[PDB]
């Protein structure tokens, strides 16, 4: 028993159709290995200024006969400062025809995000606090845990196939792995955090030279680009020809010439012999105005986002605390086995 769910390549994010409630209200929501809560845009939400938060489906709790309020406030703040607020509830969630009952979700009534987010990370990373760090609700069973508990999948595990940069769709498989979609062997890597789906990144080879790393990297479907500690990003930037630009007061981004040579590749070395190679076009992000962001940016959190993950097949196993990785093979052939 596995559940395949199509991933829509939206550009900066990958989303899936998820139905919520007794009346199967279709939400198109970001699939996010970097967060752990599922929240939906209330039909009466007050989007942030300038934010079109209702064009990817909305949820009306009152037309779902099964919706229950939990009577606790929900607040989340993501790494880029994006926020959502609402209240916690429970309802039926349906993923490609498979329904789980009584799933805890948040009904969001204010958000700066364009659409809801289905966080599928560790329950230990749930956003159960207010903005001051005071807890408002207990940790709880998020979607992957409930899929296992209700007998829909055997293991809290999922495989991520974002597919190629030009692909319109990819696939996430809950409780299964598609052995047709990678070359070599899947290499199981130990997860290096109990809260974040991070594995040890030994080194990065950029423009032919190795740069020693040795620390954890978050394998985040919900991040567009790649983020490294400032000093390391700066060493890579100097090699790549990227420039840190203060785009507004105390706001910095790496830009790179849009005409930069992208013929090469950037190579990521992980444990146990695993290597993922990324084409260098993934590091020139067109802004659409003749300028380009570099695909690496500085952060106090190390993140390998979509520009990396498109080039790997990943089996995340939250019960075994391993993420198995291999160089992706783009194919519509499938050989899906349960995990």
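In this text, rigid core is short for the largest set of C-alphas that superpose within 1.5 Å between two forms. Positions refer to the first chain, counted from 1.
Across the superposed structures in 4 other deposited structures of this protein, aligned by the core, the stretch whose Cα atoms lie more distant on average is 287 to 295, chosen from 287 to 295 and 271 to 279. Taking the rigid core as the alignment reference, the C-alpha atoms of 246 to 254 lie farther on average from the displayed form in 4 other deposited structures of this protein than those of the other stretch among 246 to 254 and 71 to 79. The stretch with the higher mean CA B factor, choosing between 232 to 240 and 117 to 125, is 232 to 240. Taking only CA atoms, the mean B-factor in the PDB entry is higher for 162 to 170 than for the other of 217 to 225 and 162 to 170. Taking the deposited Cα B-factors for 201, 157, 93, 186, the highest one is held by 186. Comparing C-alpha B-factors across 197, 143, 253, 108 in the deposited entry, the largest value falls on 253. Per the PDB record, residue ranking by Cα B-factor puts residue 34 in the lowest third of the chain. Placement of the Cα temperature factor of residue 18 within the chain: highest third of the modelled residues, per the deposited record. Ranked within its chain, residue 304 lands in the lowest third, by CA B factor from the PDB record. In the PDB entry, a CA B factor belonging to the lowest third of its chain's modelled residues is recorded for residue 41.
In the deposited entry, the Cα temperature factor of residue 61 sits in the middle third of values across the chain's modelled residues.
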